[PDB]
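Have a look below at one chain only, the form deposited in one PDB entry, in structure tokens format.
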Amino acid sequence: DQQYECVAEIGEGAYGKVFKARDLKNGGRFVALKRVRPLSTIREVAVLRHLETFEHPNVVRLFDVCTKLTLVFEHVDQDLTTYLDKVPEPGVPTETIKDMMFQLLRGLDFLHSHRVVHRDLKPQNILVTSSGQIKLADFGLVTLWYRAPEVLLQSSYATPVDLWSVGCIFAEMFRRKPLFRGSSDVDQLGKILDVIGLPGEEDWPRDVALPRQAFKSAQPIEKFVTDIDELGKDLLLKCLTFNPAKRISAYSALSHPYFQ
């Protein structure tokens, strides 16, 4: 659009490239824009232009949709990735991990309550403002490291998909490196079960291509996620529960003694 001007390139990918641009009309503020190169997809934008009306403090603001499209949003300074890349030793402060995780679950509880699933939650799209405020981005239409077991298996794809990704990002917050760094669904699933263990046959998805009988003893987490309290250990384990039905929800997670 002519109401905006491209200065730099934020990110590239299959979904299309997003750019940092100057919103000349609105006091030359920095805005993030992404193009698109038509009936059941009308909903996607109707849910976002609606989600917008609640202006949740932990989700990127949308500014406009122009025409073949141009999507303008709020520009955030950096992501969680480059945030972790610059934090001095011995990593992120206990309280900084606990705070940023709250803002993450709030934005997740907001999206879930409004029947929205992120589906691709990674540090690359968990943005962080100058003030240090978490903003969820890259939703309302690679790296399997954050993919949930059931997505990998191709069974369910419901809201517990993001609670796995959050336990993966919660670990990476301490560790400062991906917990499960697989290279294929089968490799990912593997590396996952090498840590959490083989779940009971009762929790394995009934009727899927990959059987339980194709993989492991449960390993303690304090080994892989170094200096984490028994409370954070309790929360992250509930986040990383094989059975999506047993996996904690952002709403019960927002309650947990870890934030008390």
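Note that residue numbering begins at 1 and tracks the sequence as displayed. By rigid core we mean the largest C-alpha set that fits within 1.5 Å across both forms.
From this point on, the text means the form deposited in another entry, which you will not see here.
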Query raised in the report: After the core is superposed, which of these residues, 233, 191, 61, 29, moves its CA 2 Å or more between the shown form and the other one?
Result: 29
**Report entry** Core-aligned C-alpha movement of residue 43 between the shown form and the other one, 2 Å or more
**Finding:** yes
Query raised in the report: Once you line up the core, how about residue 15: does its CA shift reach 2 Å between the shown form and the other one?
Result: yes
